[PDB]
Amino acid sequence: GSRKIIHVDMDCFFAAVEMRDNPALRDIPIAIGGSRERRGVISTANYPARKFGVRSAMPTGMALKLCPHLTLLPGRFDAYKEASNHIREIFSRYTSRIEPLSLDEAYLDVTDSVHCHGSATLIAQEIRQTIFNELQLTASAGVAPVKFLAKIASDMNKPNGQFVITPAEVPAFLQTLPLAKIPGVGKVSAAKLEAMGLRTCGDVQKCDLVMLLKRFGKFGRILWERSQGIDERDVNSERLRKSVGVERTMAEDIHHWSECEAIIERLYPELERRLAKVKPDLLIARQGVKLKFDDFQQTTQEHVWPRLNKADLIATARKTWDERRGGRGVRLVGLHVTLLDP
């Protein structure tokens, strides 16, 4: 009863697309991200930039101090979406059991697959080869009996490689696996776990489930399970989008309501256009706004509302502005919609 889960993950996805479409960028350090003047961060970088230490989520000013010749690109999201659609179609030739996690990656459940003599290793290789053949982009892959191990495995032989974890290999793999490598164990959790002496899954194996539940709630059960290779989450091909957001960080903090309202007037048409792609009648469950202050505190305020409405968003932003700003500058303004349940 052992499943075969493949995780496919494009290499340096945004950058890889820009090097394909502009071979001049292949061998110089490049990154997709907002400029230092826009107070941007790196979305991703190519391997020439990563050699300097450039990483996703790094402030662009930090990226540029590490790599002064870094070439900064704005991003062509329709080009990324197009490659995404293509690889998802390539996935469908092998199975309908496809759970995309983002543009550039998906889980595949090939447990019941007839391709490649049922070899999940050979399927992942065919899929990566096909992606290369048809998109001239490389992908890496992980093969394992459960989702999270497959996702970890796809990083281990990046780029343009794959890694297989068999059930017999699972205990040795877990023993020294850093907790931080588990998807959903982030910096804050890893630091909490570290300060109680828990660094690896092998450390957590020596822990009592009851203690983990008291100390972390349902997250503690997840930690206990994962540390044992337990991950019963099924590949789910039926997930639906729940929200639509549009937000902008300004190059300088704003201090006047007039400036905030001007920002919203430019954000609203974009929110309407994106909502309309998925809900032509603009019917929604909730709408709301987001402010981020100069001290990086963030507040949202959102409410039940039947249909995207600009004036109510301005009104709500005005209340938030007046009521929760306390004289701080504002670096970000955002609009938000929660979609109806079906």
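Just count from 1 along the sequence shown to find any residue number.
Select between 121-129 and 147-155 the stretch whose C-alpha atoms have the higher average B-factor in the entry. Comparing 121-129 with 147-155, the higher mean C-alpha B-factor belongs to 121-129.
Mean C-alpha B-factor higher for 260-268, or for 208-216? According to the entry, 208-216 carries the higher average C-alpha B-factor.
Comparing recorded Cα B-factors across 314, 304, 32, 276, which one is largest? Out of 314, 304, 32, 276, the record gives the largest C-alpha B-factor to 276.
Going by the deposited entry, which of 243, 140, 189, 71 has the highest CA temperature factor? So the option with the highest C-alpha B-factor is 71.
Taking the entry's C-alpha B-factors for this chain, is residue 184 in the lowest, middle or highest third? It belongs to the lowest third of the chain when residues are ordered by C-alpha B-factor.
Sort the modelled residues of this chain by their C-alpha B factor and say whether residue 297 lands in the lowest, middle or highest third. Highest third of the chain for residue 297's C-alpha B-factor.
For residue 113, does the deposited CA B-factor place it in the lowest, middle or highest third of the chain? Residue 113: CA B-factor falls in the highest third of its chain.
B-factor third for the C-alpha atom of residue 222 within its chain: For residue 222, whose C-alpha B-factor we compare with every modelled residue in the chain, the answer is the lowest third.
Comparing against every modelled residue in the chain, figure out the third that the C-alpha B-factor of residue 280 lands in (lowest, middle or highest). Highest third - that is where residue 280 ends up once the chain's C-alpha B-factors are sorted.
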